[PDB]
Structure formats: structure tokens, C-alpha cells
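Step one of this worksheet: look at the structure below.
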Amino acid sequence: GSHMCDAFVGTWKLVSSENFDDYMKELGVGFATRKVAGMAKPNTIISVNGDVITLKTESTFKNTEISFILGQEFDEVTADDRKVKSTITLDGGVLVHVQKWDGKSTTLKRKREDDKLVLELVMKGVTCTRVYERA
Ligand SMILES: Cc1nc2ccc(Cl)cc2c(Oc2ccccc2Cl)c1C(=O)O
């Protein structure tokens, strides 16, 4: 059968970024990692096997991989090496990813808009948008 996650499945490459440096500062990312991360053009591969969604991100300097069930909290190590407790849910057709660590929180929303995969990353007052297109 068809699922709301179907539209996300596939291989994606970064095409544009807005306010990523500010967002990384809010996360506590240091100067050098901000420079190196800002240069990268990651690929993200989203796949589904039964109820398990896998999201991989590959880049020149860092690869990440999470597998999860919607609504079930899990341990995640982020690209900037935060050790977080994460939960990912569907809100309509938007994947909502909340990461909690040291009493802090950031929310990452993934949505399909036109032929793009749009990521909205929010920490305190700062919103970054990262746009991906099919690879
Ligand atoms: C959502 C997201 N969050 C990030 C959080 C922190 C950093 Cl340093 C990179 C991030 C990042 O880029 C990367 C994610 C993995 C490897 C490399 C990069 Cl630059 C993404 C992203 O666009 O998927």
C-alpha cells in the first residue's frame, strides 16, 4: 500500500542553503567545523523497509545514518557529534525530527515541495533552509 513516506524515498543532493552558519552557531559548532560543513554538498538517501525508515547523509568529511520507527525515540549522533535523543513523526505529510540534548532542542522538518526535498532547521530564534533535489 501507499504511505506518506513514499514521496521522500530516494537519493537527494544539496542544491541550496540559507542561514546554515547561524544555525550551526546556535548548535554550538566551532569555527573550523562550520567552515568545513558549509563547503559540503551532502547526499541523503532515504529508504523504507516495513516500518523502519533509514536516513543516511554522506559527505566529504562526515557520514551519518539513522534508522527509526515513527514516534519511537532513539539515540542519534549528529554530524557535529552531538549525542542526542531524537524522535521523528509525521505531521500530515511533513517529517518532523526533534533532537534533545543537555536541556536544548532543535527541530528539523522535511517536506516535499515541487521536485525538491526542503529541510527547515530551527534552533531558538534561528531558521535555516536546506534544499535538496533528486540525485
Ligand atoms: C540537517 C543537517 N543538519 C546538520 C547539523 C549539523 C551539521 Cl555540522 C551539518 C548538518 C547537515 O549537513 C550535513 C549532514 C551530514 C554530513 C555533512 C553535512 Cl554538511 C544537515 C543536512 O543538510 O542534512
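One is the number of the first residue; the rest follow in order along the sequence. Every number for a ligand or one of its atoms is a count from 1 in the order of the listing.
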| request: Quick one: do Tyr23 and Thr127 satisfy side chain to side chain donor-acceptor pair (under 3.5 Å)? Show the steps, please. | output: CA-CA 7 Å; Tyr23 177 72; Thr127 297; over 6 Å; no

| request: Flag the pair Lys83 and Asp75 as a salt bridge only when some basic side-chain nitrogen lies within less than 4.0 angstrom of an acidic carboxylate oxygen. | output: no

As a test of reading the model: which N/O atoms of the protein lie under 3.5 Å from N/O atoms of ligand 1, and at what distance?
from     : atom 1 : to     : atom 2 : distance (Å)
ligand 1 : 12 (O) : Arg130 : NH2    : 3.2
ligand 1 : 22 (O) : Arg130 : NE     : 3.0
ligand 1 : 22 (O) : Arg130 : NH2    : 3.1
ligand 1 : 22 (O) : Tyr132 : OH     : 2.7
ligand 1 : 23 (O) : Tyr132 : OH     : 3.4

| Pairwise side-chain hydrogen bond (donor to acceptor under 3.5 Å, both in side chains) hits with a residue in residues 86-96, at least two apart | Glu76-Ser86

| Does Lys109 reach the side chain of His97, with side-chain heavy atoms less than 4.5 Å apart? | no

| request: Side-chain contact test, heavy atoms from C-beta onward, threshold under 4.5 Å: evaluate it for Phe8 versus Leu117 and give yes or no. | output: yes

| query | Can a donor-acceptor pair be found between the side chains of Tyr132 and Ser16 at a distance below 3.5 Å? | reply | no

